[PDB]
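In: enclosed are the sequence and the experimentally obtained structure.
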Protein chains: 6
Amino acid sequence: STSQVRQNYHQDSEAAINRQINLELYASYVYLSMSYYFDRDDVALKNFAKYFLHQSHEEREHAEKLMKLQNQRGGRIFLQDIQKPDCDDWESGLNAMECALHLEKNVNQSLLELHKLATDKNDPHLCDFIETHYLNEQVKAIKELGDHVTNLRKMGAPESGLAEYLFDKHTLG
Amino acid sequence: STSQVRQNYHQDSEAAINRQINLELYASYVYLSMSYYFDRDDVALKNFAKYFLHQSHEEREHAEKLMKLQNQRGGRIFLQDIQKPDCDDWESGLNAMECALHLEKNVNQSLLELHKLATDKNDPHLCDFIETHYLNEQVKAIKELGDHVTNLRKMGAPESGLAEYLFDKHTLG
Amino acid sequence: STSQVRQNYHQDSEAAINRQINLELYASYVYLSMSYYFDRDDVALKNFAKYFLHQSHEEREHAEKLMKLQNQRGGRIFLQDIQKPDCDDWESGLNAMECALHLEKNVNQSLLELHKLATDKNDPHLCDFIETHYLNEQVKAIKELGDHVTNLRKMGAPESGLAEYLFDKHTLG
Amino acid sequence: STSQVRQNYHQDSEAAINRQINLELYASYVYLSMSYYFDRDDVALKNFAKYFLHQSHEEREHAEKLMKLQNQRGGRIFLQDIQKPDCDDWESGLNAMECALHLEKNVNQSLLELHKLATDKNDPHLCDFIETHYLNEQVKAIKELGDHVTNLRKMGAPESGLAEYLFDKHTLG
Amino acid sequence: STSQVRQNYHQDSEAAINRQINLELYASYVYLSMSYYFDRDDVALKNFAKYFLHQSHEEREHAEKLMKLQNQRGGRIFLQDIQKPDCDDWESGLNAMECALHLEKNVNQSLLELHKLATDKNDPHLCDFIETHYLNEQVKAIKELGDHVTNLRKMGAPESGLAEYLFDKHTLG
Amino acid sequence: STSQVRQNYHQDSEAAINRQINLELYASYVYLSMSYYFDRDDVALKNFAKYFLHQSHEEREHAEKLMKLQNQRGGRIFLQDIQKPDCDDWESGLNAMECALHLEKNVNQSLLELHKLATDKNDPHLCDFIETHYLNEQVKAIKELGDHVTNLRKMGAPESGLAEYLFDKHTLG
Ligand code: NA
Ligand code: NA
Ligand code: NA
Ligand code: NA
Ligand code: NA
Ligand code: NA
Ligand code: NA
Ligand code: NA
Ligand code: NA
């Protein structure tokens, strides 16, 4: 049953990629939830909605790239349930940005664990794949979210609704 | 807690839209599974892979349009777990097309039930939304899948691997 | 023998579509007859001829769209004889426009009966198909013919041959 | 005295269309009043003025489309007095947006009553006309106004004149 | 309560402008009525319909320009009911043109009274506004309508329906 | 009652043209039937469907050209019922091509009989009309159909569904 393409690809690596696929699809779904929260008539921050929807689509592309890697290496994709996000109501633009920062750090920690596994199993193709396609993207996403959280807090969010309004217009618009 | 926009939108309709959102996201995930099955080195039908991946992205767009409708009407989106697809291994191009036809008929039956509810609750905006955006799209998808199943069976799939190869090239390419 | 695509499509609906196909092909043939009446050397109203020939081609397109619908829904097309039109000699431009108005109202009444059947059989795809593609087209055709009949009568048709001549040039040209 | 074009068009439907024409012309006139309130030297919110003037012109187009429908179906237009709006002085951008939301919900309720009448009189052309041209336009207008009301309230209108100023510039500009 | 912009603008002038706004909106509504009379299936003179609809839109622009003037001068707009037109059925193209000529002379007489008031109150800005934007427009409209009435009478309207038909095509088309 | 244009046009020729008009309209209707057979979900050969639909439209153009000839010569068009085609179900691409070849030979035999009549009645305009517009078109159609029948039989139709599939793609596509 070994794939004719499989070479230097450990079962532990294959299993870790399947876990990462699920985590990327989960992240996609959290961002989708946040997007449509900001589209509510009683929230009405269109640029927050657009920002999170773009993040949702990016996470789905990240999941699909891992699925392509699994097939390239001769692993087998096993999909799992995509859990519902932890909240239905994300409270404010600042609370959503803080939850996004927490989610991106969690994804990053998973990627760092996968890199460590690839290095331990002497799988340099997999380690390079993670470095090239995932680790700098996560560092940039974390820095961007931290920048957004800083600005919203300085402007007086979430107490001032003027803060979120102007951030929506000037930063996310 | 009633939305300032809400007018002539029954709680039963709101709940049915939340169910339909989950079913569209489920369909998306089934198509994603089928896509990456055809990308396996031991299957290697790139045009089947492309066809199912396009279907996956379309189902996600259909889910997002329902989420937009829920907010437009002043309903509240409640997301649920997205169940994993029923198979990991889709066996053949003909078996996948037959499973897709079965899935599209199941989605269609759900949409017909939603239309009936909208009509019973005297919600003509919702009934028109379903007619305009969903029902003809489902009829066309069903007819296209039935056409694909017919051609693959006539060509001698799944017994002849030449059949799937040539269908991949000439119909899906 | 049930089509693999067939879903929520009643035998009564299938039979009514076959009847409507025949009525559209009949209408096409009536308009063709009227067109070539106006092309006679002893009638010689080229713009009346062009108007009716365009109507003939439109009715054929309407018949073909119903045939496409029958196949999309998994019904089976059964064609019948196309009866000859009721007249060989249409007498005048005003008499032909009045016969066209009567024919378009007859087609409209058939379409309204089909819509009522679709609604009674809880077939919203079929009801929407009729609404979208047929009912507004028939209302516009009826209003246009009524406008033509009004103008020809006011101008003094069919007694004044100058009336039909000038209507041919200024309205239909 | 029956119009030569009239078919399946109930007197009750004809009367309801005449009422809807009056309500659309009334709405037009309310929006015109609001527009020129914001053009006052002691109010001076040019983008609010532009927004309401565009709404005024759209309502007039909606009235004219109903007048065209009445003639298409062979009904007879009976115009009534256009009542003056309920206010001369609209107080603030937030109060005007709230009055607009209330007016759009009132128009929507009238349209839903007309749709119900069309359905009860088995007039599918009229029901489809309302669905296609009016109901989704009203849902979008209501959602947009609710979004505007939400943002103005969050920003601190009408107490902060800075709120209305910045909303005028960033949302309506 | 005096506007910070108000200078040399008499209360009598302000009241006369409010009356003129109502008369322009009334004229708009009369022309709208006439337009849709000519769109009836039993009248069917499309170019008469287009001519009156353009006149309706022009009168609305004239009303809006007076509303802008009232605000420019620091007056306050008070809107009144827009009375329904005197007829539902305008009888013929010649009768409608004669009623339009009578309406335009009535508007002109009101404008001449406003000019006389502006001159009596030593308000040269208002007198110049009326001269520049209204008086030559009214003289041209009156002359054009008189020309139309003359031609229709000479051609044999309203007895000859051929006259109105050819006038519709050649003058108004 | 003789047409002012009629010259050297025998009653027998006029009657034969009326028969040929009916036969061309019949052929059109047979091709339309075959087209929509190939559009069925359980047949699904789109290029066969397109081929027959083009043939249907060409036969209608041939009928209209005969109607134009009848009027040019001062004959009178008498239309008859268009009989329904001999089959509802055309069985296979090879069986339909064989039925088309048989139909085109039948049309050709009728045209040869009309040419013989024109020659016997010393009507060189009519004989030239048939030669120029019909006889070479029929020879080319017959040769093309014979070529299609030969290729489908050689490829192993109708037993191999792969044959019809590949013919549909490579010859008719
Ligand atoms: Na990611
Ligand atoms: Na590296
Ligand atoms: Na879908
Ligand atoms: Na509809
Ligand atoms: Na039709
Ligand atoms: Na409206
Ligand atoms: Na004026
Ligand atoms: Na032919
Ligand atoms: Na020759």
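Out: Alright, I've got the coordinates. Numbering: from 1, shown residues only, chains lettered A, B, ... in the order given. Ligands and ions are numbered 1, 2, ... in the order given.
In: please make it C-alpha for all contacts and neighbour counts, starting now.
Out: Fine.
In: quick check: which element contains the residue nearest to residue A:124 when sequence neighbours are not counted?
Out: If you skip the residues right next to it in sequence, residue A:124 has residue A:118 as its closest partner in space, 6.8 Å away by CA to CA, 6 or more residues apart in numbering or on different chains. Secondary-structure assignment from DSSP states H and E places residue A:118 in helix A:93-120.
In: grab the nearest non-local neighbour of residue A:173.
Out: The shortest distance from residue A:173 to any residue that is not its chain neighbour, by CA to CA, 6+ apart, is 5.7 Å, and that residue is residue A:47.
In: surely that neighbour meets residue A:168?
Out: Yes: counting by CA atoms under 8 Å, residue A:47 touches residue A:168, with 5.4 Å between them.
In: sorry, back to before: next, the buried residues of the helix holding residue A:118.
Out: For helix A:93-120, burial by neighbour count (16 or more other CA atoms under 10 Å in any protein chain shown) applies to A:93-94, A:96-101, A:103-105, A:107-108, A:110-112, A:114-115, A:117-118.
In: how distant is the helix or strand immediately after that helix in the chain from the center of its chain?
Out: Beyond helix A:93-120 on the C-terminal side, the first helix or strand identified by DSSP H and E is helix A:124-130. Its chain's C-alpha centre and that of helix A:124-130 lie 19 Å apart, by CA atoms, centre = their mean, to the nearest Å.
In: just stretch A:127-134 next, same as before
Out: Mean-position distance between stretch A:127-134 and its chain equals 15 Å (CA atoms, centre = their mean).
In: now do stretch A:155-171
Out: Taking CA atoms, centre = their mean, one finds the center of stretch A:155-171 at 24 Å from the center of the full chain.
In: go through it and flag the buried ones.
Out: Within stretch A:155-171, the residues that qualify as buried by neighbour count (16+ other CA under 10 Å) are A:155, A:157-158, A:161-169.
In: pull the most distant pair out of those.
Out: Spatially, the most separated pair among the buried residues of stretch A:155-171 is A:158 and A:169, at 15.6 Å (CA to CA).
In: ok, residue A:92 to residue D:82 distance?
Out: As judged by CA to CA, to the nearest Å, residue A:92 and residue D:82 stand 44 Å apart.
In: could you do residue A:134 as well?
Out: Separation of residue A:134 from residue D:82 (CA to CA) stands at 64 Å.
In: roughly how far does the closest residue to chain E within chain A sit from residue E:152?
Out: Across chain A, no residue is closer to chain E than residue A:162, which sits at 30.5 Å (CA to the nearest CA). When distances are taken as CA to CA, residue A:162 and residue E:152 turn out to be 65 Å apart.
In: over to residue A:46?
Out: Following CA to CA, the distance that separates residue A:46 from residue E:152 is 58 Å.
In: and these two? Which one has more around it.
Out: Legend: neighbour count by other CA atoms under 10 Å in any protein chain shown for residue A:46 and residue E:152, higher for residue E:152 (22 against 19).
In: so what's that one up against?
Out: Shown here is residue E:152, whose contacts under the criterion CA atoms under 8 Å, 6 or more residues apart in numbering or on different chains are E:94, E:158, E:163-164, E:167.
In: now for these: which two are most distant?
Out: Within the contacts of residue E:152, E:158 and E:167 form the most distant pair, 11.3 Å apart (CA to CA).
In: got a list of what residue A:62 touches?
Out: Contacts for residue A:62 were tallied using CA under 8 Å, 6+ apart; they are residue A:24.
In: quick one: it and residue A:87, what's the gap?
Out: Residue A:62 sits 23 Å away from residue A:87, taking CA to CA as the criterion.
In: likewise for residue A:46?
Out: According to CA to CA, residue A:46 stands 20 Å off from residue A:87.
In: same question, residue A:34
Out: Distance of residue A:34 to residue A:87, computed by CA to CA: 9 Å.
In: what do you get for residue A:13?
Out: From residue A:13 across to residue A:87, the span is 31 Å (CA to CA).
In: what does residue A:42 give?
Out: Distance of residue A:42 to residue A:87, given as CA to CA: 17 Å.
In: more neighbours: which of the two?
Out: Neighbour comparison, residue A:42 and residue A:87: the larger count goes to residue A:42, with 21 against 13 (by other CA under 10 Å).
In: quick one: contacts for the more buried one?
Out: Applying CA under 8 Å, 6+ apart, we find residue A:42 in contact with B:3, D:146-147, D:150.
In: make TSV out of those residues and add distance to chain C, secondary structure and neighbour count.
Out: What follows is the contacts of residue A:42, written out as TSV (distance: CA to the nearest CA, whole Å; DSSP: H, G, I helix; E, B strand; the rest coil; neighbours: other CA atoms under 10 Å in any protein chain shown):
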residue	distance to chain C	secondary structure	neighbour count
B:3	30	coil	15
D:146	31	helix	27
D:147	32	helix	22
D:150	36	helix	21
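In: leaving aside the residues next to it on the chain, what's closest to residue A:119?
Out: Looking at residue A:119 with CA to CA, 6+ apart, the closest residue is residue A:127, at 6.3 Å.
In: how many neighbours does the one you found have?
Out: Neighbour count of residue A:127, defined by other CA under 10 Å: 20.
In: likewise for residue A:14?
Out: Tallying neighbours of residue A:14 according to other CA under 10 Å, which is how burial is gauged here, yields 19.
In: in which helix or strand would I find it?
Out: Counting by DSSP H and E, residue A:14 is found in helix A:11-38.
In: what about that helix, near chain D?
Out: No: judged by CA under 8 Å from any CA of the partner chain, helix A:11-38 and chain D are separated, with a smallest distance of 10.6 Å.
In: for residue A:172, give its distance to residue D:6.
Out: In this structure, residue A:172 and residue D:6 are separated by 55 Å, where distance is defined by CA to CA.
In: who's more crowded, these two?
Out: More neighbours sit around residue D:6 than around the other of residue A:172 and residue D:6, counting by other CA under 10 Å; the figures are 19 against 15.
In: number of residues surrounding the residue lying closest to the more buried one once chain neighbours are set aside?
Out: If the residues on either side of it in the chain are set aside, residue D:6 comes closest to residue D:74, at 4.8 Å by CA to CA, 6+ apart. Residues near residue D:74, counting by other CA under 10 Å, number 23.
In: tell me who's in contact with residue D:74.
Out: D:2-6, E:40-41.
In: what's the neighbour count on residue A:173?
Out: Look at residue A:173: counted by other CA under 10 Å, it has 12 neighbours.
In: name the element it belongs to?
Out: Using DSSP H and E, residue A:173 is not contained in any helix or strand.
In: any idea how far it is from residue E:58?
Out: Residue A:173 is 39 Å from residue E:58, by CA to CA.
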